[PDB]
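Atoms considered below: every heavy atom in the structure, side chains included; atoms not considered: hydrogens, waters and symmetry mates. Atoms within each ligand, like the ligands themselves, are counted from 1 in listed order. All chains are named by letter (A, B, ...) in the order of the sequence lines, taking the proteins before the strands, and each is independently numbered beginning at 1.
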There are 4 protein chains.
Amino acid sequence: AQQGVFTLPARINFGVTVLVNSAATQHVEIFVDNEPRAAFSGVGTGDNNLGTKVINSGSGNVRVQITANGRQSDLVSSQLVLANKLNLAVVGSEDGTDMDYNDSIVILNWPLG
Amino acid sequence: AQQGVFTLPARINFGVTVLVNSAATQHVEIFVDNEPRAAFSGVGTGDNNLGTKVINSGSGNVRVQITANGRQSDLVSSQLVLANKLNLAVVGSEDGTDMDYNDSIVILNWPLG
Amino acid sequence: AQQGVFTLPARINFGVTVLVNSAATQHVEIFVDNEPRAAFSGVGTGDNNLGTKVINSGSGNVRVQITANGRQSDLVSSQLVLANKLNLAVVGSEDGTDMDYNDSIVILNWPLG
Amino acid sequence: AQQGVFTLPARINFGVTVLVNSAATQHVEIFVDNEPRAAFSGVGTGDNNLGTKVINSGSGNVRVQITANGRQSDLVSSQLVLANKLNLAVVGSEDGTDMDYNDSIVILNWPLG
Ligand SMILES: CO[C@@H]1O[C@@H](C)[C@@H](O)[C@@H](O)[C@@H]1O
Ligand SMILES: CO[C@@H]1O[C@@H](C)[C@@H](O)[C@@H](O)[C@@H]1O
Ligand SMILES: CO[C@@H]1O[C@@H](C)[C@@H](O)[C@@H](O)[C@@H]1O
Ligand SMILES: CO[C@@H]1O[C@@H](C)[C@@H](O)[C@@H](O)[C@@H]1O
Ligand SMILES: [Ca+2]
Ligand SMILES: [Ca+2]
Ligand SMILES: [Ca+2]
Ligand SMILES: [Ca+2]
Ligand SMILES: [Ca+2]
Ligand SMILES: [Ca+2]
Ligand SMILES: [Ca+2]
Ligand SMILES: [Ca+2]
């Protein structure tokens, strides 16, 4: 199945947070309606927090892509809703051979404020 | 049900990341085996990222506590496992009256590295 | 936080499946727009499957209530989305003192077909 | 990533429940330690419930396999823990071209009783 693809409410601001756990430099790109709208990069094995960016969901079509070593990482993803209100969309990714799926972890959340 | 309490693998390092979305200053404490092991605080309505701290799970008994305006916030939580490997334990919290449950969002993840 | 309350897409058919793990007889009621629309009852400690019923979500406001021993059970719930398409809304419940939260398990899923 | 594979607590009884939503006859096999331990089959587009079977997790290595039209369906999966106690492992599957991932839905839950 496709992974890292989420339908958000239209025209909503959402946060994107990235954590890294790899020796390979990670490159995360967030697409909204197929347009490149947020980028992160970093490296480190101690859950290195690359910060949070807030962007708008456009029509709602959001996609996460992660690269390392010049190639697309393998993705795994899910969406969770807590208290019928708090949404988290989570992506884990694997750049190598150990199947730890923590090399980049991308968290989308909404609503904000 | 109790919320914000998780059983982790014993003696594992895990990351804790906090985002805030409230006018009230948030105070997060992470307990391991009933002892305080990590603190965060901050205020903001823009999904403001308080950083990540790595701590050890001890026997595995981890509890997230969130306080604002001198009162423990109402918590909601769950744990997700992706690819049979990546664990996220998520806590939303409500400090007020709007039931948005985003006032502090606390994310635990393991394994690291 | 309120638990067992979910916002579904409007006017959608969804399935409700109930499993029981208790010596106390369980009574599950599904409300749609505050109206009583599906009922299940049963007992047993071996994950006894009470079947699946398909009902319509109306405006989208769905609530799960569970009783045993004449009183409302304590609920815990979450919603999961897989492949950006398959929705499960899950309720666990506790009728007693052992905090196993399996006494009735209610699963809502959509879309069908 | 591999999907439909879960590590359960060792030697635990768990329930497996299957729902179908397809014109194609579904065949579900649950493997424990690489050995077949439970089968289900059926066909229907109405979230049709194939029942629940209880089996033992052995060493803990559980795999869900879903076949339709003689081909293994594409799987998506995750595990959820509620109240730090109730575990659900969920598998959606796609036998065709519409990407609805509901063709068989397999739900594992533990602990029982
Ligand atoms: C070389 O492998 C990459 O870096 C290592 C330090 C590990 O984080 C591993 O999971 C990752 O895939
Ligand atoms: C006063 O209420 C608090 O601050 C507001 C700006 C909102 O973030 C609200 O959710 C929060 O509970
Ligand atoms: C009397 O307690 C009820 O029945 C027992 C057999 C257990 O299933 C328990 O979890 C449940 O709360
Ligand atoms: C032929 O396609 C199969 O049957 C249809 C009735 C739908 O349930 C579809 O999702 C499924 O893949
Ligand atoms: Ca890796
Ligand atoms: Ca790694
Ligand atoms: Ca609030
Ligand atoms: Ca808020
Ligand atoms: Ca109980
Ligand atoms: Ca029970
Ligand atoms: Ca299909
Ligand atoms: Ca289908």
Donor-acceptor contact below 3.5 Å, side chain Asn102(C) vs main chain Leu86(D): no

For atom 5 (C) of ligand 1, what's the nearest protein heavy atom and its distance? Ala23(A) N, 3.9 Å

Side-chain contact, heavy-atom cut-off 4.5 Å: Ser77(D) with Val91(D)? yes

If you stand at the Ca ion (ligand 10) and look out to O of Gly113(D) and OD1 of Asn102(C), what angle do those two lines make, to 10°? 90°

Are side-chain heavy atoms of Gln26(C) and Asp103(C) found at a separation under 4.5 Å? yes

Identify, by atom number and element, the atoms of ligand 2 in contact range of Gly113(A), meaning under 4.0 Å from any of its heavy atoms. 8 (O)

So which N/O/S atom does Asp103(C) have closest to the Ca ion (ligand 10)? OD1

Can you tell me if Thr25(A) uses its side chain to pair, donor with acceptor, with the backbone of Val43(A) under 3.5 Å? no

Go through the side-chain N and O atoms of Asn84(D) and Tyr101(C) and say whether any donor and acceptor fall under 3.5 Å apart. no

Side-chain contact test, heavy atoms from C-beta onward, threshold under 4.5 Å: evaluate it for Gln79(D) versus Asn87(D) and give yes or no. yes

I'd like to know if the Ca ion (ligand 10) has an N/O/S atom from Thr45(C) within less than 3.0 Å of it, counting both backbone and side-chain atoms. no

Backbone or side-chain N/O/S of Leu112(D) under 3.0 Å of the Ca ion (ligand 10): no

Among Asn21(A), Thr97(A), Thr45(A), which residue places a heavy atom closest to atom 8 (O) of ligand 1? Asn21(A)

Which residue holds the protein heavy atom closest to atom 7 (C) of ligand 1, what is that atom called, and what is the gap in Å? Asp98(A) OD2, 3.9 Å

Where the side chain of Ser104(A) meets the backbone of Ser93(A), is there a donor-acceptor pair that is under 3.5 Å apart? no

Please indicate whether any nitrogen or oxygen in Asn102(A) is less than 3.5 Å from any nitrogen or oxygen in ligand 1. no

Side chains of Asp100(A) and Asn21(A): is there a donor and an acceptor less than 3.5 Å apart? no

Is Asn21(C) close enough to the Ca ion (ligand 10) to have an N, O or S atom under 3.0 Å? yes

Check ligand 1 against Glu94(A) and write out every atom of the ligand that is under 4.0 Å from a heavy-atom position of the residue. 12 (O)

In terms of residue, atom name and distance, what is the protein heavy atom nearest to atom 2 (O) of ligand 1? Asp95(A) OD1, 4.1 Å

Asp100(B) heavy atoms, cut-off 4.0 Å: which ligand 2 atoms fall inside? 10 (O)

For atom 3 (C) of ligand 1, what's the nearest protein heavy-atom neighbour? Residue, atom name and distance, please. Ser22(A) OG, 3.4 Å

So, is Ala24(B) polar-close to ligand 2, with some N/O to N/O distance under 3.5 Å? no

Return yes if a side-chain donor-acceptor contact under 3.5 Å exists between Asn109(B) and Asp47(A), otherwise no. yes

Out of the N/O/S atoms in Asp100(C), what is the name of the one closest to the Ca ion (ligand 10)? OD2

Can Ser41(C) and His27(C) be said to form a side chain to side chain donor-acceptor pair (under 3.5 Å), step by step? CA-CA 5 Å; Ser41(C) 185; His27(C) 308 284; 3.2 Å; yes

